[PDB]
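S.K.: No letters, just coordinates:
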């Protein structure tokens, strides 16, 4: 019973993407956390 | 249990006093001494084997340097991670 | 006589009961037990007197020799003529003898009593060294090898523990010459390499330091002092003959198993605390297991009473201990003299062990070996010591089992445990 | 170097305590077989246990057939046998 | 306990000299001593 | 060497410690 | 107060619990 860690959702709240050509400077950095992070609908899962 | 031991003894006797077989004595003593030294020792083996965290390299992959005059703004910030982070050559260590 | 008594009693019981092994064990009636006709300044003085007790042999011997010597030289003054004159003037051989007196020496005798605060202690200590130069040299050699761990300092202790401690109550002149000449050679070579013109270094032992000669003037001087003393007083294929003279001969019989096993127990205490106090722990765990193994093998060699087996095992043990300690460990872990004072101490205790085993091999096992090591006298001390020895875990366990495995017995294990427990409780 | 944070509690009266505990406990338990072994020697060295065996089998047999008074009388006999070692020498004496 | 002590010492002594039958007979005597407390009152009675 | 009785009675004395005769 | 016999027989009864008489 102690070794029964129940499945609990751990959604990443912040995603960050960067594009760094060599070591000069990030050409494009972006972070979208609340609105642009959306989970699937079940029907979208079936589509997948 | 005593009855089975007496029956076994009656079936397969032993004479009026004989040296206990050397093989059985050696086997039984070896088994017992092995157990009584295993209990003494293997705890030490486990206790000095678990505390054997072997040297493993932990190289810093990202270095960042900043120069902030007072609390205004970083005059110069920089981060160099893959290419500018290079380990020594052995001969460079000897030079050091 | 004891066996005569026991056999008489057993014959009487057989005759009485007259009127196939479990049967003879299970044969006991009340007719056995019926009556068979019932048939603080004084501490320094005590230390001085104890030292004099140790060295009384050499003191009396030197007194006799010097008493003879005074008349010898006073006669030699003119010419020196007759060997029989010097003996009978004041029965060729006898240890302690007494004859007429000489005024000068008897006057000189009490002069020492004039100085009695510390000078007596100093005289007693120096005389003790004079009476044990043979042991001073071994101690200096072992100490020198305990520092400066190197094969050049390793070929000598192996000799001390394998050849000089096994031959004959006088280790042969060839050995003292070997050690003296070898230390000459290996101090000359050390000094030669100490030069600045020359650039493994540590293993071969020719390294260059400020104290390149370390306990090597002391060792040479101890060897030469022993040779001088053994010279002024007394006298100063082949391997197979050496072994055969070691085995077959007439010797005193002495038992030193108590002290041998006590040295091994101190050795395991040392390993345990140098494991807890700090790689080398992975070496000291294996060494602890080998200590258990060598205690068990030594106990077997003692019960079975094989001098030859002890000789072979002691050769194997000394060679393996020296090789391991001085090559295998210093590569797995650090030097043994830079640190690991625990290793130095463990080696010294094992050296005491080796000296004791060599003494036991020289003297040969006695008869009457069985019987506990603490139950010879029923005083008020043996009881506490016996209870303490019982209290430590896994000794009486292993003592009973190993005493059973290697003794010639007809009893199974449970019956043996019953007998040993009955004896412990009754004692 | 990098080590797993599996260190826990190390030597220096941290982990030697558990090893001493286990060696002492096993020492006491194992001495359990060698220390008070002489006492129960009147109940384990019987020459011929035929009669006690028949008595136990008769207790079982009379308990089987729903016959009960005889069980109490036989149990009385058995208890008085284990309550009197001289009669358990008379009663387990090797039959002539 | 003088008599039991002499008996145990005699078991040891006769085991020492590679003499074995006497060991079994002496062990029989010892076991029957610990198997009969009235004879271990007769046998460890304070000598008069 | 060994035998078939040797191992058997070794097992006998190994169950002879824990249990009675 | 104390003595030399007092500590000795204290040790006697402290080894008298674990062990026989």
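M.R.: Done, it's in. Residues are numbered from 1 along each chain as shown, chains lettered A, B, ... in the order given.
S.K.: starting at the chain centroid, how far to the helix or strand hosting residue C:397?
M.R.: Following DSSP states H and E, the helix or strand that holds residue C:397 is helix C:395-405. Its chain's C-alpha centre lies 25 Å from the corresponding centre of helix C:395-405 when counted by CA atoms, centre = their mean, to the nearest Å.
S.K.: Tell me which residues of it come out buried.
M.R.: Across helix C:395-405, burial judged by 16 or more other CB atoms under 10 Å in any protein chain shown covers C:396, C:397, C:398, C:399, C:400, C:401, C:402, C:403, C:404, C:405. The C-beta positions use only the backbone N, C-alpha and C, and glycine is treated the same way.
S.K.: ok, and which of those reach chain D?
M.R.: C:396, C:397, C:400 (CB under 8 Å from any CB of the partner chain).
S.K.: Now residue F:10: closest residue in space, sequence neighbours ignored.
M.R.: residue B:27 (4.7 Å; CB to CB, 6 or more residues apart in numbering or on different chains).
S.K.: The one you found against residue F:12, yeah?
M.R.: No. Using CB atoms under 8 Å, residue B:27 is not in contact with residue F:12; the gap is 11.4 Å.
S.K.: between the two, who's got more neighbours?
M.R.: residue B:27 (20 against 16; other CB atoms under 10 Å in any protein chain shown).
S.K.: Residue nearest the middle of chain C, spatially speaking?
M.R.: Nearest to the mean C-alpha position of chain C, by CA atoms, centre = their mean, lies residue C:356 at 3.0 Å.
S.K.: Tell me the residues of chain D that contact chain F?
M.R.: Residues of chain D lying near chain F (CB under 8 Å from any CB): D:33, D:44, D:45.
S.K.: can you give me the helices in chain D?
M.R.: D:16-31, D:50-64, D:69-81, D:87-90 (DSSP state H).
S.K.: Mind checking what secondary structure the nearest residue to residue D:1 once chain neighbours are set aside has?
M.R.: Distances taken as CB to CB, 6+ apart put residue B:55 closest to residue D:1, at 4.0 Å, once the chain neighbours are dropped. Here residue B:55 takes the coil state, with states given by DSSP: H, G, I helix; E, B strand; the rest coil.
S.K.: Count the neighbours of residue B:55 for me.
M.R.: Residue B:55 has 8 nearby residues by other CB under 10 Å.
S.K.: Could I get the phi/psi values of it?
M.R.: The phi and psi values for residue B:55, taken as degrees, to the nearest 10, are phi -60, psi 120.
S.K.: Do I have it right that it meets residue C:279?
M.R.: No. Judged on CB under 8 Å, residue B:55 makes no contact with residue C:279 at a distance of 10.9 Å.
S.K.: which one among the residues of chain D next to chain F gets closest to chain G?
M.R.: Within the set of these, residue D:33 lies nearest chain G; the separation is 17.6 Å, counting by CB to the nearest CB.
S.K.: Just list the residues touching the closest one, thanks.
M.R.: The contact partners of residue D:33, taken as CB atoms under 8 Å, 6 or more residues apart in numbering or on different chains, are C:417, F:17, F:18.
S.K.: for the residue in chain C positioned nearest to chain D, helix, strand, or coil?
M.R.: Closest to chain D within chain C is residue C:393: 2.9 Å, counting by CB to the nearest CB. Secondary structure state of residue C:393, per three-state DSSP, is coil.
S.K.: residues contacting the closest residue to it other than its chain neighbours?
M.R.: Spatially, and ignoring its direct neighbours in sequence, residue C:393 is nearest to residue D:27 (2.9 Å; CB to CB, 6+ apart). Counting by CB under 8 Å, 6+ apart, residue D:27 touches C:393, C:394, C:397.
S.K.: State the distance from the second one to residue B:87.
M.R.: When distances are taken as CB to CB, to the nearest Å, residue C:394 and residue B:87 turn out to be 51 Å apart.
S.K.: higher neighbour count, the two?
M.R.: residue C:394 (16 against 8).
S.K.: For chain G, what's its nearest residue on chain D.
M.R.: Closest residue of chain D to chain G, CB to the nearest CB: residue D:35 (10.0 Å).
S.K.: need the contact list for that residue.
M.R.: residue C:421 are the contacts of residue D:35 under CB under 8 Å, 6+ apart.
S.K.: let's see it at 10 Å
M.R.: Contacts for residue D:35 were tallied using CB atoms under 10 Å, 6 or more residues apart in numbering or on different chains; they are C:390, C:396, C:397, C:417, C:421, C:424, C:425, D:28.
S.K.: JSON lines please, covering these and showing distance to residue G:5.
M.R.: Shown next, in JSON lines, are the contacts of residue D:35 (distance: CB to CB, whole Å):
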{"residue": "C:390", "distance to residue G:5": "24"}
{"residue": "C:396", "distance to residue G:5": "30"}
{"residue": "C:397", "distance to residue G:5": "35"}
{"residue": "C:417", "distance to residue G:5": "37"}
{"residue": "C:421", "distance to residue G:5": "31"}
{"residue": "C:424", "distance to residue G:5": "27"}
{"residue": "C:425", "distance to residue G:5": "26"}
{"residue": "D:28", "distance to residue G:5": "32"}
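S.K.: now, which of these lie close to chain E?
M.R.: When contact is defined as CB under 10 Å from any CB of the partner chain, the contacts of residue D:35 meet chain E at C:424, C:425.
S.K.: Just the buried ones among the contacts of residue D:35, please.
M.R.: Counted by 16+ other CB under 10 Å, the contacts of residue D:35 give C:390, C:396, C:397, C:417, C:421, C:424, C:425 as buried.
S.K.: Just put those in JSON lines and tack on secondary structure.
M.R.: Shown next, in JSON lines, are these (three-state DSSP):
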{"residue": "C:390", "secondary structure": "helix"}
{"residue": "C:396", "secondary structure": "helix"}
{"residue": "C:397", "secondary structure": "helix"}
{"residue": "C:417", "secondary structure": "helix"}
{"residue": "C:421", "secondary structure": "helix"}
{"residue": "C:424", "secondary structure": "helix"}
{"residue": "C:425", "secondary structure": "helix"}
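S.K.: next one: phi and psi at the most centrally placed residue in chain D?
M.R.: Nearest to the mean C-alpha position of chain D, by CA atoms, centre = their mean, lies residue D:40 at 8.8 Å. When read as degrees, to the nearest 10, the backbone of residue D:40 gives phi -80, psi 70.
S.K.: residue contacts, it?
M.R.: Residue D:40 makes contact with C:418, E:34, F:20, according to CB under 10 Å, 6+ apart.
S.K.: And residue C:108, by the same measure?
M.R.: Shown in contact with residue C:108 (CB under 10 Å, 6+ apart): C:66, C:70, C:102.
S.K.: Can you report how many residues neighbour the last one?
M.R.: Going back to what we said before, that points to residue C:102. 14.
S.K.: Nearest residue to it in space, please, no chain neighbours.
M.R.: Per CB to CB, 6+ apart, closest to residue C:102 is residue C:70, 6.1 Å.
S.K.: What segments of chain F are helices?
M.R.: Using DSSP H, helices in chain F cover F:5-18.
S.K.: Spell out which parts of it neighbour chain B.
M.R.: With CB under 10 Å from any CB as the criterion, chain F meets chain B at residues F:1-3, F:5-17, F:19-21.
S.K.: Show me which of those are buried.
M.R.: The neighbour count (16+ other CB under 10 Å) marks F:6, F:9, F:10, F:12, F:13, F:16, F:17, F:21 as buried among the residues of chain F next to chain B.
S.K.: how much space is there between the residue lying closest to residue C:404 once chain neighbours are set aside and chain G?
M.R.: Nearest residue to residue C:404, sequence neighbours excluded (CB to CB, 6+ apart): residue C:416, at 4.7 Å. Counting by CB to the nearest CB, to the nearest Å, the separation of residue C:416 from chain G is 21 Å.
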